[PDB]
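**Q** My structure is below; once you've seen it, I'll send some questions.
In this analysis, Cβ positions are derived from the backbone assuming ideal geometry, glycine residues included, and neighbour counts consider all displayed protein chains. Where a number appears in this text, it was derived from the coordinates with a stated rule and is not lab data.
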Amino acid sequence: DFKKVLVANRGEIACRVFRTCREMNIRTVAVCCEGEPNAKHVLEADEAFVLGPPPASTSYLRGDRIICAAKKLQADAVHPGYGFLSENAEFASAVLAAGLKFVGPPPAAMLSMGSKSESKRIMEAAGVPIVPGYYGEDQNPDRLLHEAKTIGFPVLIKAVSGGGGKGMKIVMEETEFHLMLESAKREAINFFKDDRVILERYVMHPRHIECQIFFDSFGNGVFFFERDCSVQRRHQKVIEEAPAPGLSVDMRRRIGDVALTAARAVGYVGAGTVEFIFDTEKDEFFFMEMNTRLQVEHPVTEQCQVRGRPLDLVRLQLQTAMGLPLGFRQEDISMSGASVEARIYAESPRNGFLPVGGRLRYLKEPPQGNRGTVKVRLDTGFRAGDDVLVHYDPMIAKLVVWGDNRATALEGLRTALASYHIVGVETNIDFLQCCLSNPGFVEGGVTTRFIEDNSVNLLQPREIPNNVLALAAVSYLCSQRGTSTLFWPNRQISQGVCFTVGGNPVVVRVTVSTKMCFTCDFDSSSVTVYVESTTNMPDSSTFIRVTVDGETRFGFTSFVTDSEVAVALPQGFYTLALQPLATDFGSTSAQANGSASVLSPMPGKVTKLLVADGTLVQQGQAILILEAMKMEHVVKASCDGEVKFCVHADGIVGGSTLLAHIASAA
Amino acid sequence: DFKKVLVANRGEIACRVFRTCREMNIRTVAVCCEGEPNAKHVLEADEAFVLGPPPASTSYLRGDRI
Amino acid sequence: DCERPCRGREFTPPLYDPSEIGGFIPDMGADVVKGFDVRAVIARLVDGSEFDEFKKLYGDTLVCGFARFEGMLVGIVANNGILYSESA
């Protein structure tokens, strides 16, 4: 029986494992680097061990350091999570060698299924269906044509070394094959210097269907239905559902049996996943790839009732790692209502989904637990005030909602996302709302390219009514105001608030009276807001009761930073960015001329030119050193531009002698 | 399916209807007059609309205003 | 205990590490002594590295300004070269 489990991966997975260990009374040991003073998993663990320097690369990946950490803290088991170092066979072998128990598959199985070549051979030898493609050494055009005829059009031609979708040609008719093959060979030669090609069957409407299997140490194995990961963009999962809609009971039984057979053939221990490419038109699934680890989408499966009790996959994984028999064998497992998971990242969908950093300055979570009709569960690795650093775990959180039907689950997810208020970091909440409200998504199962299919519709801008602008300006002004009274004799106090709307510098002019009644002016529009009362919430926010115009009374919550204002109105949640401050405010760089003919301060000797002739120099940048009275005086550039010296070095200059010309290069 | 229900009567009945609407996920709209700055039903509702002057007779009875 | 009970301890530490101050300090014992900007030192000693310079363009060899040490307001006069009549 385990007493201590060390988690080698940070993030929300560490918190999940810590929670399930606290449920089972296992002491938790965490792993961190020197740059993590307030990491959530470190605070949620009984003990933590620092792995060394914090470059975020050497740490969390040094297997020897993790082994030493586990040995020093008397850890009984090592759980790698689903992050980095969770699929390295060498790390698992080292864990087993030191005497620690690895929570996962044997190293041989993990190594064999990570090459993408031997795994295919094993899957073929096991009788599991494989994608009907040709990959033989024979590149003869007649043999390739015969293989294409055998496979059945449509087909796809790829380069052997092709990657990123390059060198792939879609063939629909036999006539086009003779041209498409030549074009693909030419492109492969021009990109990879290898004319060899691979012919496979092209699926026009693919769906990534994942079946989850769990195997004991004694050889027993049980499947856990299916998971749909069709909604994704550039191999980045976004929204998942369980069970997969539009799948018959017989089809699910067939997929589960195939998954169990494949896991038995590979000799798997622990929790694993198998992803197939299912076709809606052909109703046939083909093995695509197996993951020998836990997955981020496992909660949507946990929302499966083992002997009536809810499933805890990590608990079962720990029990198997301890070496205990499975409780039941595919008999006490029952399907339940559909559950849906949304992955809230930290990227901007409008600007090409590029990851962006920031700090979670306000993190009001949706109401989690058993609601009136649905069950809501939020899993995150960040708390309010934490700063998410770009290019390191871009996912902010995962939110799962379980109902009785897919429509109810979708409505619950919409409501929960509407209540998830994040201020400080750009997110994809609006993108998730657009995806959920898309008619194609609500119809049923959709293809993988759905994100690429409705890009114009999903990336629609969110409209900001003038009421939101007025309320944001009023909230900002109230934040500025302390206990001082607004009074100008015989006048209304004038104020201005500048926001950025789509790059447009919108300005709201407000006139405020002594009775705390604001009037905000827009183009041919006036909005009157009477602030009845304000209350400073402990979470650095303010609850404001307002009367808009003279007839719309309601209360809302506002959060004001130095860069944006966020309002939680009954209409929804809005964040308006203040007009950014200039970085050159009051900049006086000793000159602004385009020539900058500077003169020597005193007679002396020019010792060294700190910049080469013809070099670009910024304002205030040293260009040469002048020595007088055994003291080094350094001449600085007064403006940006190419600097050309006039006086030779190691010489002598006089009072007010020209030194160099700074010409602003175009 | 309803999204917003407006209660035309103040008091505890308004609070009861607001509670059962929150159970059913229906947004609540309240009705009040200018002399109700801290009415319980106004605070318990998502939105409120003032019916005009507060003599407590013309308000809560003007059907057109409601 | 105190003439005035006001605390005023809402200060911010310097934004730059003092441990690298020595990087800006040249060799004082040398045939020709190099010059450095004393502001780089000031940025590593005062609250939030904030410094309101008094006559930034007149002295140019004597830096005079206002700063704070743990919330206490202090006028700083630092040498930045040869003293002139304007600097004095």
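**Q** If you check A:399, A:436, A:471, which single one turns out to be part of a helix (DSSP H, G or I) and crowded, with 22+ Cβ neighbours inside 10 Å?
**A** Details: A:399 fails: part of a helix (DSSP H, G or I); A:436 fails: crowded, with 22+ Cβ neighbours inside 10 Å.
Testing whether each residue is part of a helix (DSSP H, G or I) and crowded, with 22+ Cβ neighbours inside 10 Å leaves just A:471.
**Q** Kindly evaluate residue A:226 against the criterion of being in a strand (DSSP E or B) and farther than 23 Å from residue A:105 by Cβ. Step through it out loud before you land on a result.
**A** Values: in a strand (DSSP E or B): yes; farther than 23 Å from residue A:105 by Cβ: no.
Answer is no for this residue.
**Q** Are any residues in region A:503-519 in a loop (DSSP other than H, G, I, E, B) and either surrounded by 16 or more Cβ atoms within 10 Å (Cβ to Cβ) or in contact with a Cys (Cβ under 8 Å, 6 or more places away or on another chain) (or both), and if so, which ones? Can you show your working first?
**A** Taking region A:503-519 and keeping what is in a loop (DSSP other than H, G, I, E, B), we get A:503, A:513-516.
Hit for region A:503-519 is A:516, nothing else.
**Q** If you don't mind, there's one more thing I want to ask. Looking at this structure, is residue C:77 among the aliphatic types (A, V, I, L, M) and either within 14 Å of chain A (Cβ to nearest Cβ) or on the phi > 0 side of the Ramachandran plot (or both)? Give the derivation first.
**A** Details: among the aliphatic types (A, V, I, L, M): yes; either within 14 Å of chain A (Cβ to nearest Cβ) or on the phi > 0 side of the Ramachandran plot (or both): no.
Here the answer is no, as residue C:77 does not meet what is asked.
**Q** What's the number of the only condition in (1) within 14 Å of another protein chain (Cβ to nearest Cβ); (2) over 30 Å from the mean Cα position of the chain (by Cα); (3) surrounded by 14 or more Cβ atoms within 10 Å (Cβ to Cβ); (4) in a strand (DSSP E or B) that residue A:568 fails to meet?
**A** Among (1) within 14 Å of another protein chain (Cβ to nearest Cβ); (2) over 30 Å from the mean Cα position of the chain (by Cα); (3) surrounded by 14 or more Cβ atoms within 10 Å (Cβ to Cβ); (4) in a strand (DSSP E or B), the lone unmet condition for residue A:568 is (2).
**Q** Take the conditions loosely packed, with under 15 Cβ neighbours inside 10 Å and within 30 Å of residue A:624 (Cα to Cα) and apply them to residue C:24. Does it pass?
**A** On the way: loosely packed, with under 15 Cβ neighbours inside 10 Å: yes; within 30 Å of residue A:624 (Cα to Cα): yes.
Yes, satisfied.
**Q** Answer yes if at least one residue in region B:19-31 is more than 10 Å from every other protein chain (Cβ to nearest Cβ), loosely packed, with under 14 Cβ neighbours inside 10 Å, on the phi > 0 side of the Ramachandran plot and more than 11 Å from the chain's Cα centre (by Cα), and no otherwise.
**A** Looking only at region B:19-31, we keep the residues that are more than 10 Å from every other protein chain (Cβ to nearest Cβ), and these are B:19-21, B:26, B:31.
From the residues that got through so far, the ones that are loosely packed, with under 14 Cβ neighbours inside 10 Å too are B:19-20.
Checking the rest, the ones that are also on the phi > 0 side of the Ramachandran plot come to none.
No, region B:19-31 contains no residue that is more than 10 Å from every other protein chain (Cβ to nearest Cβ), loosely packed, with under 14 Cβ neighbours inside 10 Å, on the phi > 0 side of the Ramachandran plot and more than 11 Å from the chain's Cα centre (by Cα).
For (1) within 13 Å of chain C (Cβ to nearest Cβ); (2) in contact with a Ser or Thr (Cβ under 6 Å, 6 or more places away or on another chain); (3) more than 28 Å from residue C:28 (Cα to Cα); (4) of a type outside the set (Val, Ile, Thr), each residue gets a yes or a no:
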position: A:583; (1), (2), (3), (4): no, no, yes, no
position: A:596; (1), (2), (3), (4): no, yes, yes, yes
position: A:601; (1), (2), (3), (4): yes, no, no, yes
position: A:625; (1), (2), (3), (4): yes, yes, no, no
position: A:628; (1), (2), (3), (4): yes, no, no, yes
position: A:635; (1), (2), (3), (4): yes, no, no, no
position: A:653; (1), (2), (3), (4): no, yes, no, no
position: A:657; (1), (2), (3), (4): no, yes, yes, no
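**Q** Got a number for residues in region A:439-457 being in a helix (DSSP H, G or I) and in contact with a helix residue (DSSP H, G or I) (Cβ under 8 Å, 6 or more places away or on another chain)?
**A** Of the residues in region A:439-457, the ones in a helix (DSSP H, G or I) are A:439-443, A:450-453, A:455-457.
Okay, now just the ones that are also in contact with a helix residue (DSSP H, G or I) (Cβ under 8 Å, 6 or more places away or on another chain), so A:440-442, A:450-451, A:453, A:457.
Of the residues in that region, 7 qualify.
**Q** Could you grab the pairs with beta carbons closer than 8 Å, sequence gap of 6+ or different chains, first residue in region A:620-636 and over 17 Å from residue A:651 (Cβ atoms), second one polar (S, T, N, Q) and in a loop (DSSP other than H, G, I, E, B)?
**A** A:620/A:589; A:620/A:638; A:636/A:621
**Q** Report whether or not residue A:283 is surrounded by fewer than 20 Cβ atoms within 10 Å (Cβ to Cβ) and either assigned to a loop (DSSP other than H, G, I, E, B) or in contact with an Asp or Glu (Cβ under 6 Å, 6 or more places away or on another chain) (or both).
**A** Numbers: surrounded by fewer than 20 Cβ atoms within 10 Å (Cβ to Cβ): yes; either assigned to a loop (DSSP other than H, G, I, E, B) or in contact with an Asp or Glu (Cβ under 6 Å, 6 or more places away or on another chain) (or both): yes.
So residue A:283 passes the test.
**Q** For region C:1-60, how many residues meet the condition of being in contact with a helix residue (DSSP H, G or I) (Cβ under 8 Å, 6 or more places away or on another chain) and among the charged types (D, E, K, R)?
**A** The total comes to 2.
**Q** Of the numbered conditions (1) closer than 20 Å to residue A:104 by Cβ; (2) out of contact with any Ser or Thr (no Cβ under 7 Å at 6 or more places or on another chain), residue A:9 fails exactly one; give the number of that condition.
**A** (2)
**Q** So how many residues does region A:462-484 have that are over 34 Å from the mean Cα position of the chain (by Cα) and farther than 18 Å from residue A:552 by Cβ?
**A** The number of residues fulfilling the criteria is 6.
**Q** Still on this model: Tell me, yes or no, whether region B:3-15 has at least one residue that is surrounded by 15 or more Cβ atoms within 10 Å (Cβ to Cβ), under 18 Å from residue A:546 (Cα atoms) and of a type in the set (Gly, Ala, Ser).
**A** No: region B:3-15 contains no residue that is surrounded by 15 or more Cβ atoms within 10 Å (Cβ to Cβ), under 18 Å from residue A:546 (Cα atoms) and of a type in the set (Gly, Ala, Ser).
**Q** For region A:357-387, which positions are in a strand (DSSP E or B) and either more than 14 Å from chain B (Cβ to nearest Cβ) or within 19 Å of residue A:37 (Cβ to Cβ) (or both)?
**A** Matches in region A:357-387: A:358, A:359, A:362, A:363, A:364, A:369, A:375, A:377, A:378, A:379, A:380, A:387.
**Q** Look through region A:496-549, keep the residues that are hydrophobic (A, V, I, L, M, F, W, C) and within 32 Å of the chain's Cα centre (by Cα), and return whichever of them is nearest to residue A:350 (Cα to Cα).
**A** The first filter runs over region A:496-549 and keeps only residues hydrophobic (A, V, I, L, M, F, W, C), leaving A:497-499, A:501, A:506-508, A:510, A:512, A:516-518, A:520, A:522, A:527, A:529, A:531, A:537, A:543-544, A:546, A:548.
Filter again for within 32 Å of the chain's Cα centre (by Cα), leaving A:498-499, A:501, A:506, A:537, A:543.
On the way: A:498: 23, A:499: 19, A:501: 14, A:506: 20, A:537: 33, A:543: 31 Å.
Per the criteria, the residue is A:501.
**Q** Conditions: (1) touching a strand residue (DSSP E or B) at 6+ places or on another chain (Cβ under 9 Å); (2) closer than 27 Å to residue A:384 by Cβ. Residue A:510 meets all but one. Number of the miss?
**A** For residue A:510, the failing item is (2).
**Q** Hey, another quick one. Return yes when residue C:40 is among the aliphatic types (A, V, I, L, M), farther than 24 Å from residue A:620 by Cα and within 14 Å of chain A (Cβ to nearest Cβ) and no when it is not.
**A** So residue C:40 fails the test.
Each row is one residue, and each column tells you yes or no for (1) surrounded by 15 or more Cβ atoms within 10 Å (Cβ to Cβ); (2) in a loop (DSSP other than H, G, I, E, B).
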site	(1), (2)
A:110	yes, no
A:122	yes, no
A:128	yes, yes
A:142	no, no
A:148	yes, no
A:185	yes, no
A:207	yes, no
A:211	yes, no
A:217	yes, yes
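**Q** Name the single residue, out of those in region C:46-74 being aliphatic (A, V, I, L, M) and within 24 Å of residue A:632 (Cβ to Cβ), that is nearest to the other protein chains (Cβ to nearest Cβ).
**A** Taking region C:46-74 as the starting set, the residues that turn out to be aliphatic (A, V, I, L, M) are C:46, C:57, C:62-63, C:67, C:72-74.
From what is left, the residues that are within 24 Å of residue A:632 (Cβ to Cβ) are C:57, C:62-63.
Working: C:57: 8, C:62: 16, C:63: 15 Å.
The qualifying residue nearest to the other protein chains (Cβ to nearest Cβ) is C:57.
**Q** List pairs: first in region A:120-144 and under 10 Å from residue A:287 (Cβ atoms), second surrounded by 12 or more Cβ atoms within 10 Å (Cβ to Cβ) and among the polar types (S, T, N, Q), Cβ under 7 Å, 6+ apart or cross-chain?
**A** Note: pairs meeting the criteria are A:126/A:261; A:128/A:261.
**Q** For region B:39-48, what are the residues that are within 9 Å of another protein chain (Cβ to nearest Cβ) and either under 15 Å from residue B:11 (Cα atoms) or surrounded by fewer than 17 Cβ atoms within 10 Å (Cβ to Cβ) (or both)? Don't jump to the end; show me each part of the working.
**A** Applying the first criterion (within 9 Å of another protein chain (Cβ to nearest Cβ)) to region B:39-48 yields B:42-43, B:45-48.
Across region B:39-48, the qualifying residues are B:42, B:43, B:45, B:48.
**Q** A further question follows. Between C:29, C:65, C:59, which is surrounded by 14 or more Cβ atoms within 10 Å (Cβ to Cβ), in a loop (DSSP other than H, G, I, E, B) and not hydroxyl-bearing (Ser, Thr, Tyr)?
**A** Details: C:29 fails: surrounded by 14 or more Cβ atoms within 10 Å (Cβ to Cβ); C:65 fails: in a loop (DSSP other than H, G, I, E, B).
Just a single option satisfies the conditions, and that option is C:59.
**Q** Could you say which residue among B:64, B:1, B:46 is under 10 Å from the mean Cα position of the chain (by Cα) and acidic (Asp, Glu)? Let's see the steps before the verdict.
**A** Values: B:64 fails: under 10 Å from the mean Cα position of the chain (by Cα); B:1 fails: under 10 Å from the mean Cα position of the chain (by Cα).
Step by step, each of B:64, B:1, B:46 is checked, and only B:46 is under 10 Å from the mean Cα position of the chain (by Cα) and acidic (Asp, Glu).
Matching residues to (1) farther than 19 Å from residue A:396 by Cα; (2) among the hydrophobic types (A, V, I, L, M, F, W, C):
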residue: A:2; (1), (2): yes, yes
residue: A:5; (1), (2): yes, yes
residue: A:14; (1), (2): no, yes
residue: A:23; (1), (2): yes, no
residue: A:44; (1), (2): no, no
residue: A:62; (1), (2): yes, no
residue: A:66; (1), (2): yes, yes
residue: A:70; (1), (2): yes, yes
